[PDB]
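The data block below is target17.txt; it holds compact mmCIF, N, CA and C atoms.
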```txt
# COMPACT_ATOMS: atom_id res chain seq x y z
N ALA A 51 83.05 75.54 109.74
CA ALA A 51 82.81 76.45 110.86
C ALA A 51 81.33 76.79 110.95
N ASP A 52 80.87 77.02 112.17
CA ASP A 52 79.49 77.38 112.44
C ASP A 52 79.40 78.86 112.79
N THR A 53 78.22 79.44 112.56
CA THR A 53 77.98 80.86 112.77
C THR A 53 76.91 81.05 113.84
N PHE A 54 77.19 81.94 114.79
CA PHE A 54 76.25 82.30 115.84
C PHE A 54 75.89 83.77 115.70
N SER A 55 74.60 84.07 115.64
CA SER A 55 74.12 85.43 115.44
C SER A 55 73.98 86.11 116.80
N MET A 56 74.90 87.02 117.11
CA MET A 56 74.86 87.73 118.37
C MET A 56 73.69 88.72 118.39
N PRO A 57 72.96 88.82 119.51
CA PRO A 57 71.85 89.79 119.58
C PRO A 57 72.32 91.23 119.51
N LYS A 58 71.38 92.17 119.50
CA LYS A 58 71.68 93.57 119.21
C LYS A 58 72.15 94.34 120.44
N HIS A 59 71.37 94.31 121.52
CA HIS A 59 71.54 95.22 122.65
C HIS A 59 72.21 94.55 123.85
N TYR A 60 73.17 93.66 123.62
CA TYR A 60 73.80 92.92 124.71
C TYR A 60 75.32 93.03 124.65
N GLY A 61 75.83 94.24 124.39
CA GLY A 61 77.26 94.46 124.45
C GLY A 61 78.01 93.80 123.30
N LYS A 62 79.28 93.50 123.55
CA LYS A 62 80.16 92.91 122.55
C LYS A 62 80.88 91.67 123.09
N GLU A 63 80.27 90.97 124.04
CA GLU A 63 80.87 89.78 124.62
C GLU A 63 79.80 88.70 124.76
N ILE A 64 80.25 87.45 124.71
CA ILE A 64 79.38 86.29 124.89
C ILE A 64 79.96 85.44 126.01
N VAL A 65 79.10 84.98 126.92
CA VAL A 65 79.53 84.22 128.09
C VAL A 65 78.75 82.91 128.14
N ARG A 66 79.45 81.82 128.47
CA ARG A 66 78.85 80.50 128.59
C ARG A 66 79.34 79.83 129.87
N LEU A 67 78.53 78.92 130.40
CA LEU A 67 78.82 78.24 131.65
C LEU A 67 79.28 76.81 131.41
N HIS A 68 80.08 76.29 132.34
CA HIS A 68 80.65 74.96 132.27
C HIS A 68 80.58 74.33 133.66
N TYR A 69 80.19 73.06 133.71
CA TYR A 69 79.98 72.34 134.96
C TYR A 69 81.05 71.28 135.13
N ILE A 70 81.65 71.24 136.32
CA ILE A 70 82.73 70.31 136.63
C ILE A 70 82.15 69.06 137.27
N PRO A 71 82.60 67.86 136.87
CA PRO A 71 82.12 66.63 137.52
C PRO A 71 82.60 66.51 138.97
N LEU A 72 82.19 65.43 139.64
CA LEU A 72 82.54 65.26 141.04
C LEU A 72 84.00 64.86 141.21
N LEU A 73 84.40 63.74 140.60
CA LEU A 73 85.76 63.23 140.72
C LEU A 73 86.64 63.94 139.69
N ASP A 74 87.01 65.17 140.03
CA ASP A 74 87.88 65.97 139.17
C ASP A 74 88.75 66.85 140.04
N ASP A 75 89.93 67.21 139.52
CA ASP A 75 90.85 68.06 140.25
C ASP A 75 90.50 69.53 140.18
N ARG A 76 89.61 69.93 139.26
CA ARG A 76 89.13 71.30 139.22
C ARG A 76 87.97 71.54 140.18
N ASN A 77 87.52 70.50 140.89
CA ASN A 77 86.41 70.62 141.83
C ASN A 77 86.96 70.84 143.24
N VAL A 78 87.58 72.00 143.43
CA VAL A 78 88.07 72.40 144.74
C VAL A 78 86.92 73.03 145.52
N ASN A 79 86.81 72.69 146.80
CA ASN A 79 85.70 73.15 147.62
C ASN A 79 86.11 73.07 149.09
N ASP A 80 85.12 73.21 149.98
CA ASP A 80 85.37 73.17 151.41
C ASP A 80 84.42 72.25 152.17
N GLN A 81 83.45 71.63 151.49
CA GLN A 81 82.57 70.64 152.12
C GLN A 81 83.36 69.34 152.24
N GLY A 82 84.21 69.29 153.27
CA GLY A 82 85.22 68.25 153.35
C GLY A 82 85.20 67.37 154.59
N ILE A 83 84.02 66.96 155.05
CA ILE A 83 83.97 66.02 156.17
C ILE A 83 84.42 64.65 155.68
N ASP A 84 85.40 64.08 156.38
CA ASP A 84 86.05 62.85 155.94
C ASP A 84 85.31 61.63 156.50
N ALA A 85 85.93 60.45 156.38
CA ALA A 85 85.26 59.20 156.73
C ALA A 85 85.06 59.07 158.23
N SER A 86 85.91 59.69 159.05
CA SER A 86 85.77 59.63 160.49
C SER A 86 85.15 60.89 161.08
N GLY A 87 85.07 61.97 160.30
CA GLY A 87 84.50 63.22 160.76
C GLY A 87 85.57 64.24 161.10
N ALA A 88 85.86 65.14 160.16
CA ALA A 88 86.86 66.18 160.32
C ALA A 88 86.78 67.10 159.11
N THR A 89 86.88 68.41 159.35
CA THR A 89 86.85 69.39 158.27
C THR A 89 88.22 69.41 157.60
N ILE A 90 88.32 68.80 156.43
CA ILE A 90 89.55 68.81 155.65
C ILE A 90 89.31 69.61 154.38
N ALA A 91 90.40 70.12 153.81
CA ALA A 91 90.33 70.94 152.60
C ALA A 91 90.39 70.09 151.34
N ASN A 92 89.50 69.10 151.25
CA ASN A 92 89.43 68.23 150.08
C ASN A 92 88.00 67.70 149.98
N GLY A 93 87.21 68.28 149.08
CA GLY A 93 85.83 67.89 148.93
C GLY A 93 85.47 67.34 147.56
N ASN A 94 86.34 66.51 146.98
CA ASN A 94 86.07 65.93 145.68
C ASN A 94 86.38 64.44 145.59
N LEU A 95 86.76 63.79 146.70
CA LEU A 95 86.95 62.35 146.76
C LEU A 95 88.00 61.88 145.75
N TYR A 96 89.24 62.30 146.00
CA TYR A 96 90.44 61.85 145.29
C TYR A 96 90.34 62.04 143.78
N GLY A 97 89.54 63.01 143.34
CA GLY A 97 89.22 63.19 141.93
C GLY A 97 90.39 63.26 140.97
N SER A 98 90.27 62.54 139.86
CA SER A 98 91.27 62.53 138.79
C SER A 98 92.64 62.08 139.29
N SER A 99 92.65 61.04 140.12
CA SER A 99 93.89 60.42 140.57
C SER A 99 93.83 58.94 140.24
N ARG A 100 94.89 58.42 139.61
CA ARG A 100 94.92 57.03 139.17
C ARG A 100 95.97 56.21 139.91
N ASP A 101 96.36 56.63 141.11
CA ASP A 101 97.29 55.87 141.93
C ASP A 101 96.50 55.00 142.90
N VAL A 102 96.82 53.70 142.92
CA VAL A 102 96.04 52.75 143.72
C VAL A 102 96.17 53.07 145.20
N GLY A 103 97.39 53.36 145.66
CA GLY A 103 97.59 53.64 147.07
C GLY A 103 96.83 54.86 147.54
N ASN A 104 96.82 55.92 146.73
CA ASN A 104 96.03 57.10 147.06
C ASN A 104 94.54 56.81 146.98
N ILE A 105 94.13 55.97 146.02
CA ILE A 105 92.71 55.69 145.84
C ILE A 105 92.14 54.92 147.03
N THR A 106 92.82 53.86 147.46
CA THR A 106 92.31 53.09 148.59
C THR A 106 92.76 53.69 149.92
N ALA A 107 92.58 55.00 150.05
CA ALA A 107 92.71 55.70 151.32
C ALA A 107 91.65 56.78 151.53
N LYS A 108 90.97 57.23 150.47
CA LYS A 108 89.92 58.22 150.57
C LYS A 108 88.56 57.65 150.20
N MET A 109 88.45 56.33 150.06
CA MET A 109 87.18 55.72 149.71
C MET A 109 86.16 55.96 150.82
N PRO A 110 84.90 56.25 150.49
CA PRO A 110 83.89 56.51 151.52
C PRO A 110 83.44 55.22 152.19
N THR A 111 83.87 55.02 153.43
CA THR A 111 83.48 53.87 154.22
C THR A 111 82.45 54.28 155.27
N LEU A 112 81.60 53.33 155.64
CA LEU A 112 80.51 53.59 156.57
C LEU A 112 80.52 52.56 157.68
N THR A 113 80.16 53.01 158.88
CA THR A 113 80.04 52.15 160.04
C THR A 113 78.56 51.83 160.29
N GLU A 114 78.30 51.07 161.35
CA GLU A 114 76.94 50.68 161.69
C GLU A 114 76.14 51.80 162.34
N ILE A 115 76.78 52.91 162.71
CA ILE A 115 76.10 54.02 163.36
C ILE A 115 75.94 55.23 162.45
N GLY A 116 76.45 55.17 161.22
CA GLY A 116 76.30 56.29 160.31
C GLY A 116 77.07 57.51 160.80
N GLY A 117 76.37 58.63 160.93
CA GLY A 117 76.98 59.87 161.37
C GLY A 117 77.24 60.82 160.22
N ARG A 118 77.72 62.01 160.59
CA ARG A 118 78.04 63.07 159.63
C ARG A 118 79.42 62.80 159.06
N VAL A 119 79.47 62.07 157.94
CA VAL A 119 80.72 61.75 157.26
C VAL A 119 80.52 61.84 155.76
N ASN A 120 81.63 62.02 155.05
CA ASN A 120 81.71 61.90 153.59
C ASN A 120 80.77 62.89 152.89
N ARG A 121 81.08 64.17 153.07
CA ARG A 121 80.40 65.24 152.35
C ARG A 121 81.20 65.63 151.11
N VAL A 122 80.50 66.20 150.13
CA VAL A 122 81.08 66.55 148.84
C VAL A 122 80.55 67.92 148.41
N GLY A 123 81.02 68.39 147.25
CA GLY A 123 80.61 69.67 146.72
C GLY A 123 80.82 69.73 145.22
N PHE A 124 80.41 70.86 144.64
CA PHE A 124 80.46 71.06 143.19
C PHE A 124 80.79 72.52 142.89
N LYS A 125 81.26 72.77 141.66
CA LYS A 125 81.74 74.08 141.26
C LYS A 125 81.28 74.39 139.84
N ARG A 126 81.67 75.58 139.35
CA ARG A 126 81.30 76.04 138.02
C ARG A 126 82.43 76.88 137.44
N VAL A 127 82.43 77.01 136.10
CA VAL A 127 83.42 77.79 135.37
C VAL A 127 82.68 78.54 134.27
N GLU A 128 83.29 79.62 133.76
CA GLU A 128 82.70 80.38 132.67
C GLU A 128 83.74 80.66 131.59
N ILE A 129 83.26 80.80 130.35
CA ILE A 129 84.10 81.07 129.19
C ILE A 129 83.48 82.22 128.40
N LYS A 130 84.32 82.88 127.59
CA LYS A 130 83.94 84.11 126.91
C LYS A 130 84.35 84.09 125.44
N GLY A 131 83.69 84.95 124.67
CA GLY A 131 84.00 85.13 123.26
C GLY A 131 83.71 86.55 122.83
N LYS A 132 84.37 86.97 121.74
CA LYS A 132 84.47 88.39 121.40
C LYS A 132 84.18 88.64 119.92
N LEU A 133 84.15 89.93 119.56
CA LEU A 133 83.78 90.42 118.24
C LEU A 133 84.77 91.50 117.79
N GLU A 134 84.65 91.91 116.53
CA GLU A 134 85.49 92.96 115.96
C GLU A 134 84.91 93.36 114.60
N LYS A 135 85.48 94.42 114.02
CA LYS A 135 85.00 95.01 112.77
C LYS A 135 86.16 95.18 111.79
N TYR A 136 85.84 95.12 110.50
CA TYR A 136 86.84 95.31 109.45
C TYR A 136 86.21 96.01 108.25
N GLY A 137 87.07 96.57 107.39
CA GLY A 137 86.61 97.21 106.17
C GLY A 137 87.68 97.94 105.39
N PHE A 138 87.40 98.24 104.12
CA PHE A 138 88.33 98.98 103.27
C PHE A 138 87.57 99.57 102.09
N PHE A 139 88.18 100.57 101.45
CA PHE A 139 87.51 101.31 100.38
C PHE A 139 88.48 101.63 99.26
N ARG A 140 87.93 102.17 98.17
CA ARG A 140 88.68 102.57 96.99
C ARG A 140 87.98 103.77 96.37
N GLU A 141 88.75 104.66 95.74
CA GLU A 141 88.18 105.83 95.10
C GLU A 141 88.85 106.08 93.76
N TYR A 142 88.12 106.76 92.87
CA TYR A 142 88.57 106.99 91.51
C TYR A 142 87.96 108.29 91.00
N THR A 143 88.35 108.67 89.78
CA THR A 143 87.87 109.87 89.11
C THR A 143 86.98 109.49 87.93
N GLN A 144 86.47 110.52 87.24
CA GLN A 144 85.52 110.33 86.16
C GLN A 144 86.19 110.17 84.80
N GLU A 145 87.20 110.99 84.50
CA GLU A 145 87.87 110.90 83.21
C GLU A 145 88.57 109.56 83.01
N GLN A 146 88.92 108.87 84.10
CA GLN A 146 89.58 107.58 83.99
C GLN A 146 88.70 106.56 83.28
N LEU A 147 87.41 106.53 83.60
CA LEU A 147 86.50 105.61 82.94
C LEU A 147 86.21 106.04 81.50
N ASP A 148 86.11 107.35 81.27
CA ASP A 148 85.68 107.84 79.96
C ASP A 148 86.79 107.71 78.92
N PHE A 149 88.03 108.05 79.28
CA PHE A 149 89.11 108.16 78.32
C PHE A 149 90.03 106.94 78.30
N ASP A 150 89.66 105.87 78.99
CA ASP A 150 90.47 104.66 78.97
C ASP A 150 90.27 103.91 77.66
N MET B 1 74.11 91.42 164.45
CA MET B 1 74.96 91.56 163.28
C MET B 1 74.82 90.36 162.35
N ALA B 2 74.49 89.21 162.93
CA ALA B 2 74.23 87.99 162.16
C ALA B 2 73.41 87.05 163.03
N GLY B 3 73.25 85.81 162.57
CA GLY B 3 72.48 84.83 163.29
C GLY B 3 73.31 84.05 164.28
N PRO B 4 72.84 82.87 164.66
CA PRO B 4 73.55 82.03 165.62
C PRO B 4 74.75 81.35 164.97
N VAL B 5 75.40 80.48 165.74
CA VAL B 5 76.53 79.72 165.23
C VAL B 5 76.04 78.74 164.16
N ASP B 6 76.89 78.50 163.16
CA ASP B 6 76.48 77.66 162.04
C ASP B 6 76.61 76.18 162.38
N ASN B 7 77.84 75.72 162.64
CA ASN B 7 78.12 74.34 163.04
C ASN B 7 77.73 73.33 161.96
N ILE B 8 77.28 73.81 160.81
CA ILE B 8 76.87 72.93 159.71
C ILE B 8 77.61 73.34 158.44
N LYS B 9 77.46 74.61 158.05
CA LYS B 9 78.08 75.18 156.86
C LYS B 9 77.70 74.41 155.60
N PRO B 10 76.44 74.48 155.16
CA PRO B 10 76.06 73.83 153.90
C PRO B 10 76.37 74.70 152.69
N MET B 11 75.94 74.27 151.51
CA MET B 11 76.09 75.08 150.30
C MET B 11 75.12 76.25 150.38
N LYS B 12 75.64 77.43 150.70
CA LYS B 12 74.83 78.60 150.97
C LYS B 12 74.81 79.53 149.76
N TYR B 13 74.20 80.70 149.94
CA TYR B 13 74.11 81.75 148.93
C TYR B 13 74.62 83.06 149.52
N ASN B 14 75.83 83.02 150.09
CA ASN B 14 76.46 84.21 150.64
C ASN B 14 76.42 85.35 149.63
N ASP B 15 76.26 86.58 150.13
CA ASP B 15 75.91 87.75 149.33
C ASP B 15 76.90 87.98 148.19
N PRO B 16 76.49 87.73 146.94
CA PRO B 16 77.43 87.86 145.82
C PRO B 16 77.59 89.28 145.30
N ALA B 17 76.62 90.17 145.55
CA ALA B 17 76.71 91.53 145.03
C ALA B 17 77.86 92.32 145.64
N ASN B 18 78.35 91.92 146.82
CA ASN B 18 79.44 92.65 147.46
C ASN B 18 80.18 91.69 148.40
N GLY B 19 81.36 91.25 147.98
CA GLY B 19 82.23 90.47 148.85
C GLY B 19 82.30 88.99 148.55
N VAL B 20 81.88 88.17 149.53
CA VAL B 20 81.97 86.72 149.39
C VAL B 20 81.12 86.27 148.21
N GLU B 21 81.70 85.44 147.35
CA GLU B 21 81.10 85.20 146.04
C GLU B 21 79.91 84.25 146.10
N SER B 22 80.16 82.97 146.42
CA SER B 22 79.12 81.95 146.41
C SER B 22 79.67 80.60 146.84
N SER B 23 78.79 79.60 146.95
CA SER B 23 79.21 78.22 147.14
C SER B 23 79.38 77.49 145.81
N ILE B 24 78.39 77.62 144.92
CA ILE B 24 78.45 76.93 143.63
C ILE B 24 79.50 77.56 142.73
N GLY B 25 79.59 78.89 142.71
CA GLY B 25 80.55 79.57 141.86
C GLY B 25 80.07 80.92 141.38
N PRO B 26 80.58 81.36 140.23
CA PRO B 26 80.23 82.69 139.72
C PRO B 26 78.77 82.78 139.32
N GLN B 27 78.23 83.99 139.41
CA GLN B 27 76.85 84.29 139.06
C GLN B 27 76.80 85.12 137.78
N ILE B 28 75.65 85.08 137.12
CA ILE B 28 75.44 85.84 135.89
C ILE B 28 74.71 87.14 136.22
N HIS B 29 73.52 87.03 136.80
CA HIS B 29 72.72 88.18 137.18
C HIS B 29 72.59 88.24 138.70
N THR B 30 72.75 89.45 139.25
CA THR B 30 72.64 89.67 140.69
C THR B 30 71.67 90.80 141.02
N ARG B 31 70.83 91.20 140.07
CA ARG B 31 69.88 92.28 140.29
C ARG B 31 68.84 92.25 139.19
N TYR B 32 67.60 92.55 139.55
CA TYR B 32 66.52 92.66 138.58
C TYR B 32 66.44 94.08 138.04
N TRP B 33 66.04 94.20 136.78
CA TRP B 33 66.03 95.47 136.07
C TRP B 33 64.60 95.97 135.94
N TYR B 34 64.35 97.19 136.41
CA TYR B 34 63.08 97.86 136.21
C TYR B 34 63.11 98.51 134.83
N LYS B 35 62.29 98.00 133.91
CA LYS B 35 62.42 98.37 132.50
C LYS B 35 61.73 99.69 132.15
N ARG B 36 61.01 100.31 133.08
CA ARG B 36 60.35 101.59 132.83
C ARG B 36 61.18 102.69 133.49
N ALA B 37 61.76 103.56 132.66
CA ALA B 37 62.62 104.62 133.15
C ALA B 37 61.80 105.70 133.86
N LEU B 38 62.48 106.45 134.72
CA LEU B 38 61.89 107.55 135.46
C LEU B 38 62.21 108.85 134.74
N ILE B 39 61.18 109.57 134.31
CA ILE B 39 61.33 110.78 133.51
C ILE B 39 60.72 111.95 134.28
N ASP B 40 61.47 113.04 134.39
CA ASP B 40 60.97 114.25 135.01
C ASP B 40 59.92 114.91 134.13
N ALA B 41 58.98 115.61 134.76
CA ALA B 41 57.94 116.30 134.03
C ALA B 41 58.47 117.59 133.42
N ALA B 42 57.73 118.11 132.45
CA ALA B 42 58.12 119.34 131.78
C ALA B 42 57.78 120.56 132.65
N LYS B 43 58.43 121.68 132.33
CA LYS B 43 58.20 122.92 133.05
C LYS B 43 56.93 123.59 132.52
N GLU B 44 56.68 124.82 132.96
CA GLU B 44 55.49 125.56 132.57
C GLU B 44 55.87 126.99 132.21
N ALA B 45 55.05 127.61 131.36
CA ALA B 45 55.30 128.95 130.85
C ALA B 45 54.17 129.88 131.27
N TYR B 46 54.54 131.05 131.80
CA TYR B 46 53.57 132.06 132.20
C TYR B 46 53.58 133.30 131.32
N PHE B 47 54.68 133.58 130.63
CA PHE B 47 54.82 134.81 129.85
C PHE B 47 54.52 134.63 128.37
N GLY B 48 54.65 133.41 127.84
CA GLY B 48 54.45 133.21 126.42
C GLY B 48 53.02 133.47 125.97
N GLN B 49 52.05 133.12 126.82
CA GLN B 49 50.65 133.28 126.44
C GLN B 49 50.27 134.75 126.27
N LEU B 50 50.77 135.62 127.16
CA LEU B 50 50.38 137.03 127.12
C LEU B 50 51.00 137.76 125.93
```
If you took the structure in this file and wrote it as structure tokens, what would it be?
Amino acid sequence: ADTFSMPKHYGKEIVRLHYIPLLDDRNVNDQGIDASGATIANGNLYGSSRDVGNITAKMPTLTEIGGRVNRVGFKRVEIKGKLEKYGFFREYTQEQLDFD
Amino acid sequence: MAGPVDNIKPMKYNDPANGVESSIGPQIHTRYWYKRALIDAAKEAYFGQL
């Protein structure tokens, strides 16, 4: 196991960022102009799908005139970590050590 | 109340401090911190000296 030294004046939580790739199902977005031009609710280009029929239907195709087609987007995620405290004590008397 | 029609809608920076979050995702810091605190001045005494 590895040890991370938390700073002093920054609360009791740690936060880290995570970046999602393009072709992934966690990359939900709204930049969804399709191959012919239409706002659809899918901006990740069939991400994380291994079906051939589904794959050869969202491929980005281009015509000789170009145009506003095949837009994409990206997202982010965050993760957290926490802390806590522990301890215990013991007590005794003086005659116990002397007369044992 | 706002600007003209968008008709484009790119990856923007919609106001995250209140309401609509963002295009990329969650933010860490949404405000700068003034590190010098504002302290009121002390009062004055007129009777102690006499």
Identify, on the basis of only N, CA and C atoms, every residue whose closest approach to segment 14-24 of chain B does not exceed 6 Å; exclude the query and any residue fewer than 4 positions from it along the same chain; express the result as a list in words.
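Residues near the query, excluding close chain neighbours: residues 124, 125 and 126 of chain A.
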Exercise answer, chain B residues close to chain A, 8 Å and only N, CA and C atoms, as a short mmCIF file (atom, residue, chain, number, x, y, z; two decimals) with N, CA and C atoms, in the frame of the given file:
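Listing of iface-v5.cif after writing:
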```cif
data_model
loop_
_atom_site.label_atom_id
_atom_site.label_comp_id
_atom_site.auth_asym_id
_atom_site.auth_seq_id
_atom_site.Cartn_x
_atom_site.Cartn_y
_atom_site.Cartn_z
N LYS B 9 77.46 74.61 158.05
CA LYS B 9 78.08 75.18 156.86
C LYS B 9 77.70 74.41 155.60
N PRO B 10 76.44 74.48 155.16
CA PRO B 10 76.06 73.83 153.90
C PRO B 10 76.37 74.70 152.69
N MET B 11 75.94 74.27 151.51
CA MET B 11 76.09 75.08 150.30
C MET B 11 75.12 76.25 150.38
N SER B 23 78.79 79.60 146.95
CA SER B 23 79.21 78.22 147.14
C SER B 23 79.38 77.49 145.81
N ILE B 24 78.39 77.62 144.92
CA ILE B 24 78.45 76.93 143.63
C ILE B 24 79.50 77.56 142.73
N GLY B 25 79.59 78.89 142.71
CA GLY B 25 80.55 79.57 141.86
C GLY B 25 80.07 80.92 141.38
N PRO B 26 80.58 81.36 140.23
CA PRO B 26 80.23 82.69 139.72
C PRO B 26 78.77 82.78 139.32
#
```
Coordinates-based distance that separates atom CA of residue 75 of chain A from atom CA of residue 108 of chain A (Å, one decimal)
14.3 Å
Measure the distance from atom CA of residue 97 of chain A to atom CA of residue 112 of chain A in Å and round it to one decimal.
19.6 Å
Interatomic distance between atom CA of residue 88 of chain A and atom CA of residue 119 of chain A?
8.2 Å
Which residue gives the smallest distance to residue 72 of chain A among A:147, A:109, A:95, A:133, with all atoms listed in the file counted?
A:95
Skipping near chain neighbours, those fewer than 4 positions away, what residues fall within 8 Å of residue 63 of chain A using only N, CA and C atoms, listed as a PyMOL selection string?
chain A and resi 130-133
Would you list, as a PyMOL selection string, the residues of chain A that end up in alpha helix (DSSP H) under DSSP run on this structure's backbone?
chain A and resi 102-105+145-148
